[PDB]
Each structure stands twice: as C-alpha cells, then as structure tokens.
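The structure appears right after this line, and notes come after that.
Counting neighbours? That spans all protein chains shown, and the Cβs are built from the backbone with ideal geometry, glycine included. Bear in mind these aren't lab numbers, they're just calculated from the coordinates by the rules spelled out.
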Amino acid sequence: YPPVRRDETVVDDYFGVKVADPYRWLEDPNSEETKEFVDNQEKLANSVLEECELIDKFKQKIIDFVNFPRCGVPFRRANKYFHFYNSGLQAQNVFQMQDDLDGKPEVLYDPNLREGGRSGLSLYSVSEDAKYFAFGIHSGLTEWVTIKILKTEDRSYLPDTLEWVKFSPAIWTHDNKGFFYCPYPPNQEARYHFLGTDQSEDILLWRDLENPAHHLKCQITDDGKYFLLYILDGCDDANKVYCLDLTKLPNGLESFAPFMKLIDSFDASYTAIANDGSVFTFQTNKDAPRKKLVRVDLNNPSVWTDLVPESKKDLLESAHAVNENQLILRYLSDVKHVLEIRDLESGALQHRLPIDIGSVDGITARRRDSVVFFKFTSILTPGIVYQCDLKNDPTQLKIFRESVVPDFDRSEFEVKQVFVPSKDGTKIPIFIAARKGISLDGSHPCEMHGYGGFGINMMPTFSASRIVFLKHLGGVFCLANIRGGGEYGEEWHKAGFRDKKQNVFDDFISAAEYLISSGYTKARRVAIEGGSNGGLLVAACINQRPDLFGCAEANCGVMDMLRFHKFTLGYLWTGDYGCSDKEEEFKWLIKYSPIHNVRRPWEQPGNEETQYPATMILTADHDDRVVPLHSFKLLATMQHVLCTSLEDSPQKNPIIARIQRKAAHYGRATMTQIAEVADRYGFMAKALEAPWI
Amino acid sequence: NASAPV
Ligand SMILES: *C(=O)[C@@H]1CCCN1C(=O)[C@@H]1CCCN1C(=O)OCc1ccccc1
Ligand SMILES: [Ca+2]
C-alpha cells in the first residue's frame, strides 16, 4: 500500500463533537499530492488486477454478448420517424431518421465522429414539422452543453449556437419559429430562442434571483397553445406549475412574464398529461403517495377533481394521452409493470395488460399518434420494441423490433421474485436470477445490487455482463428493491430517507441474510454492488456488517455525509440525506457516514476471525456530480485504519480503487464501460475464489 | 440513451 499523508491538525466541532478530517487535502483535485495519490492508487490497483486472471475472459464474453444490433423506440414528427441505433459495438448510439417505418434509415447525427464518441447525445429534439433537429454536444469532460441545430433535409447546420445549457430540453413551438430552453447565465432561467438569431436576442420568461437554487423543467401542450414552466427544489418529487397562454399574446413571443401561477408551492408533484382548451389533466402525488390523475379548469383553478383515483396498492408511475381520446397508464405493481388503456374523458378502464418480470418504458407517442411504441427489457430479455396500433388492433401488442444475444440460450436460466422480512418486519421485494434447478446448498457466488433513495425505482433490466456472471461463473444474481426508492410510492421513499436512512441499509443487510439462510450462497461468497447513492449503500453496509460479504464494489459513491453538501451539486440532496449544519440532522448522518465509521471488526469481542471484504472503489477523476474526493478519502481511511496503521494486519483482502481517467459521470463509451465492468467482475471472481466455466 | 446494455 502506498504511503498517504495524514494532516493531524484538521479538526472540526460539530455541536460539541470533535471530528478529525486527516485527509482533507484530497478535496483539492489539482494539488500534485492528490495527483500523486491517484497515480499511486492506480499503480496499486493494476498490480492487484494483474493477479485477477479472469478479467480477459469476462471482457471477451461481455463484448461477444453485447454485440448485437439495437433499435431504440421510434417517435414521429409530421410524417418522419426518428430513433436511435447501434450496430452493436459503436461507442455511442447514432440518431437516425426515416420516412417509412421500414424504409431506408438515414443518419442524422453520429456522436462517434466526435472525440471518438467519448460522449453521446443527452439532449435531442425535433421540430413539429420535422425540418430542424436541435441537439446537445458536450464540449469537454464537463456537464455543460452547446445546443446546435441541423436541417434534416440536407444535414447542414444553422449558425445558431446556444451556450450555457446543462439539462434543459429544447421545446418547439408549433409555428416552428423557435423553442424554449433553460440555460444558466455566463440562477437558472427560462428563455425562448428564435431560429436564425443570436443567443443574445433570446427572450426572457422566468428568473427568480431571490431563490438562486430553484431549478426548472418545461413543456408545451400537444395542441401547442400553452407553455408550462415547472419549478423544482432539490430532488424532492414536488414542483410548482406556471402556465402561459400563447394564444393570448398581442405579438406572439416577441412581446418581451404574465404566467397564470396554478401551483405556487412545493407541496406536491404535478405533470401535465393532456388538456382540452383550458381543461387540464395532471398526474400528481397530492394526498396520494402512489399517484393519481386529477382534472382542473384553468378558468376556475381552485376546483380540482379526481379522474383516475389513487390505487390502494399500485404506483401510478406515468401516464400518456394517445390516440386522440385515450390514456395509457403505466402502473408499478410489486415492482412489475402493468399497462392500462383508459378513456381520457371519463377515466374509465378499457383494457389491462400485466407485464412479465422486467421493465417497460420509453413510451414517446403523443396524443395525436394512433400507434404507440414502447421498450421492454429484462434480465433474460435484451430488448424488444413493441407496438400497439390502438386504432385498428387495440388488444394485441405486436413485436416491431427484437434484439437477439448471440450464443445465449435464455431457457437455461430463470428469474423469481420473492419477498423477505427486514429487521422491522417490513417485507422487501427482491429478484433472484440463476441457472435452472441449482442446488440451494450454500455454494454459489452471489452478486447483490441495490440503490435505496431519491424516489428511484430499480427495475430488473438487461445487462450483458450479468449473463456472463450467471453462465460462466455459476452465479446467482439479486436485485433488492429496498426503501428509499419509489417502488411503493412516496411512503416507501420517506421510510428510507433523512432520519430513516438506516432502514435502507437494514433492508439490504436483510436481503443478504435471506440469501445465506435460504441456501443460495454463504457469508463471504456474497458480493455487493451499487453506484452513487448505491455506493453509499455498499460502503455503509461493509462498515456495519463486514462479516456478511466477500467482495464490495462502490461506484462514484457519496462517502463523507458531513461535507457532501459543500461540493458541486450535492446541496440538492439535503432533501433526502439531511445537512450537517443542523444538530438534529448531524446526529443521523454521523452514524452511517462511511468515512467516519471505518472500524476494525476483529477488535470486537467474538468477531476476531472477521475482516473487511475485498473492496474496489470505482470513480472518474473528473466526476462533476459525486465529486471523487468522497471515493478517495474513504479509500484513504480504509487503507489506514485497516492496513497501514498496523504492523501485520489481519486485513489480507485487498482495498483498492479503479480510477477511470478522462471520463465523466455521464454517458460512457461502450468500450470504456466494458473495460470497467470486465475489471470489476474479474476482481469479484478472485475475491470470492470462484472458478470459470 | 446509454450506448450499450452492459
Ligand atoms: C447519485 O445517486 C447521486 C448522489 C446522491 C444523489 N445523486 C444524484 O445523482 C441525484 C439523484 C437522482 C438524480 N440526481 C441528480 O444529480 O440530479 C439533480 C439535478 C441536477 C440539476 C438539475 C436538476 C436536478
Ligand atoms: Ca474471500
């Protein structure tokens, strides 16, 4: 292990409690000490990974299994159809256009021709008439984007260049004259950009200098008459709703704002699903933790009415007006999707299609479309684009495109969902994928994946490297739908957040205990993986129950829960976590904060034969979301407390970091992605002493 | 819009 300087003078007083930060110097990513740190840890990692002889075998199988063509879900503008495409191993998906659903595709923009496909397309948007394509190019490694606009007729660029855009989409008016977008000044703003003008002419619609940290999303209605501006606060599922009637502007948008403020608080979420003149149908979680659909008239905006009420059990994950006068509701029922087709006017149920284990999504049909497309995926189903023509054949879902994994027989494997009890009795859904008819004899290596926060739902989608693990490592895979997610509505979220963050970790620990006892695996043959808030999950679990795990892999995780709020955009996670600026909330955090809870388990009575599992910490060096100091300071702490602080430490399992050079948190090239996963699976194979097949 | 389902 390389030497790592400690700074024994850094100490802070959080409400009477002294907390030392000996590795505070790693928070400057540019100091040569930090750069050398990284360089050494890299050196160490490679050294260890050279020992992991299965990496090259995994890598090939992952490549071979990923190498199949992939059509994305098509959407329509005027009489053209756009969609993403990958031949199989292209670094980034290519955006394409066609006149006929089965006519010759044409390439519209190809990210792989730019910086060798380091970044793909994050923001993409086609005008109503299908003549213009506004898309977002990442300039450097940063999150910042430049909006450009191509004519689709000849793939030529307009001179228009819009800088200082991050996550905004580009929302086209139906006159095709311009779009709304949400940039930052050189304090987010809402602007309107006219085609053929300089950005300096763009119209202002909203700012609130008094509330710099409020951010925005926006949208236009299918009839083109109203512009909605949504205002958010942090990552809480809640928002304001302001509406602008475009039909009533003396001089179009060139006048310039007078918004109808239909919702002026952060009490609840609201997403416009459809409207008939001034009569909106919204999706909301107001007095409904699973959501519901409600209807209001803007000309009498005090009076709201249930259209489709809240379900007692199932989450209304999303809703989409289709085929002029119908609704497609996407319900999440015990972590399995269910599609309902209903009448828009009355909200009455017309058809109901439960979906197999897996995930549907990407329903991008609009209200004036009669054919709906969506994507189904699953652990053993790589990707199918289904279509439903609601006009001429409403009952039947037909296959439109279907991915095939080369040399893979899905019938050898199966997927169950079981429910397991957590410490506090709450049942926790988990998926379990393995070979058919294995012995529950405790032998099998076992990978377990989770997240547990921010309302995010973990569906069991397709991973190619998972198959490799399953087939060629005789493995058992488990995805855990622990609390903090949104799987069962907002109470499921809140039951694993702020003061109840600990329930998330107990839920995960409990799933692992089930897997041990049921006979799938054994203590120390269990691997855990998670990224971001899931990395925090991995890191707190190995602090708390190192005895349970053989290997742990924490990707770009949040580890110093005392100081996360101070960097980049960590200040918008205090909704979920808390802030250490408030004593009550500091007392939650200090208990699970991964860097402040690294202890030698062998010094606990009865727990002498125990150590930390083999641990790999993955992060980019230029990660703008979860700043990599988190990952480093933990790595530093773990190495010291467990290894370098002692003459001959019982900690024999390696503790390393795989540091990705010249990459970001976002959008990763296919081969970069494979390189990492191949690394983390070879490591895992060695930590679990698991043989290849 | 992730490049591959790895
Ligand atoms: C990963 O989980 C990291 C670390 C803690 C939470 N988090 C996030 O990435 C959060 C959670 C899901 C989305 N997210 C996020 O970064 O988006 C916040 C946001 C940024 C800018 C504008 C609007 C929202
Ligand atoms: Ca071991």
When the Karplus curve 6.51 cos²θ - 1.76 cosθ + 1.60 is applied with θ = phi - 60°, which whole-Hz ³J(HN,Hα) does each residue of the range A:242-250 get, with x for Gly and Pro?
10, 10, 10, 7, 7, 5, 10, 8, x
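Scale the Cα Rg of the range A:143-209 by the rule-of-thumb value 2.2 N^0.38 Å and send over the ratio, two decimals.
Details: Rg = 12.0 Å, N = 67, 2.2 N^0.38 = 10.9 Å.
Expressed relative to 2.2 N^0.38 Å, the Cα Rg reads 1.10.
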Packing-based order for A:489-498, A:21-30, A:40-49, using average beta carbon neighbours within 10 Å, highest first:
A:489-498, A:21-30, A:40-49
How far is the Cα center of the range A:306-355 from the Cα center of the range A:615-647, in Å?
45
Evaluate the Kirkwood expression for the hydrodynamic radius of the range A:216-335, namely the inverse of the mean inverse distance over all pairs of different C-alpha atoms, and round to one decimal in Å.
15.2
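What is the ratio of the Cα radius of gyration of the protein assembly as shown to 2.2 N^0.38 Å, where N is its residue count, to two decimals?
Numbers: Rg = 25.8 Å, N = 699, 2.2 N^0.38 = 26.5 Å.
The reported ratio for this selection is 0.97.
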Given the rule -39500 (n - 2.57) for each run of at least 4 DSSP H residues, summed and divided by the residues of chain A, what is its mean residue ellipticity at 222 nm, to the nearest 500 deg cm²/dmol?
-5000 deg cm²/dmol
In Å and from the alpha-carbon atoms only, list the Rg and Dmax of the range A:69-404.
20.3, 57
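Only sites in a loop by DSSP and with at most 14 other Cβ atoms within 10 Å count here; which GluC sites (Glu not before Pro) in the range A:265-370 make the cut? Mind dumping the intermediate values first?
Details: sites: A:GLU310, A:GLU317, A:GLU324, A:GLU340, A:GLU345; in loops: A:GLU310, A:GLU324, A:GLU345.
Passing both the DSSP loop test and the Cβ count: A:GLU324, A:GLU345.
Ranked by Cβ crowding within 10 angstrom, fewest neighbours first, how are A:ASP236, A:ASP547 ordered? Working shown, then result.
On the way: A:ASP236 19, A:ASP547 16.
The most exposed by this proxy come first: A:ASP547, A:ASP236.
Starting with the fewest neighbours, write out A:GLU529, A:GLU585, A:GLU8 ranked by other beta-carbon atoms found within 10 Å of each beta-carbon.
Values: A:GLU529 23, A:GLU585 16, A:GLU8 8.
Listed from fewest to most nearby Cβ atoms, that is A:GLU8, A:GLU585, A:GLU529.
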Stretched out fully, how many nm does the piece from A:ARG352 to A:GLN417 gain, at 0.36 nm a residue minus the Cα gap?
21.2 nm
What's the long-distance tail for the range A:588-679, i.e. % of Cα pairs beyond 18 Å?
55
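Share of Cα-Cα pairs in the range A:131-267 beyond 26 Å, in percent? Walk me through the intermediate numbers first.
Values: 2208 of 9316 pairs.
Here the long-distance tail beyond 26 Å is 24 percent of all Cα pairs in the range A:131-267.
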Dipole of the range A:69-404 [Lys/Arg +1, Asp/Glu -1 at C-beta], most positive-end residue of A:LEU307, A:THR146, A:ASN239:
A:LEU307
Take the alpha-carbon centre of the range A:232-303, take the same for the range A:191-231, and report the distance between them in whole Å.
15
Mind counting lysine pairs for me in the range A:302-414? Cα separation below 19 Å, and the two need to be 8 or more apart along the chain or on different chains.
4
Inter-probe distance in nm under a simple model that places probes 7 Å from Cα toward Cβ, at A:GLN502 and A:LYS248:
5.4
With charges only on Cβ, +1 for K and R and -1 for D and E, what is the dipole size of the range A:397-436 about its Cα centre, in debye, rounded to 20?
180
q = 0.27 Å⁻¹, the range A:49-113: log10 I(q)/I(0) [Debye, one scatterer per Cα]:
-1.11
Under the rule of at least 5 residues apart or a separate chain, name every residue whose amide H is placed under 5 Å from the amide H of A:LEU618.
A:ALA554, A:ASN555, A:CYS556, A:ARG658
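Only Cα pairs under 8 Å and at least 6 apart count here; give the relative contact order of the range A:547-612 as a rounded whole percent.
Numbers: 53 pairs, mean separation 20.7, N = 66.
Relative contact order comes out at 31 percent.
For the range A:374-495, what percent of Cα pairs sit more than 25 Å apart? Walk me through the numbers before you get to the answer.
Numbers: 2896 of 7381 pairs.
Within the range A:374-495, distances greater than 25 Å cover 39 percent of Cα pairs.
Could you please report the charge total around A:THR381, scoring K, R as +1 and D, E as -1 over all other residues with beta-carbon less than 10 angstrom from its beta-carbon?
Within the 10 Å Cβ shell, the charges total -1.
Between A:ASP581 and A:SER47, what is the FRET efficiency for a Förster distance of 41 Å, r being their Cβ-Cβ separation, to the nearest 0.05? The partial results should precede the final answer.
Details: r = 41 Å, r/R0 = 1.00.
Computed FRET efficiency for A:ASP581 and A:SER47: 0.50.
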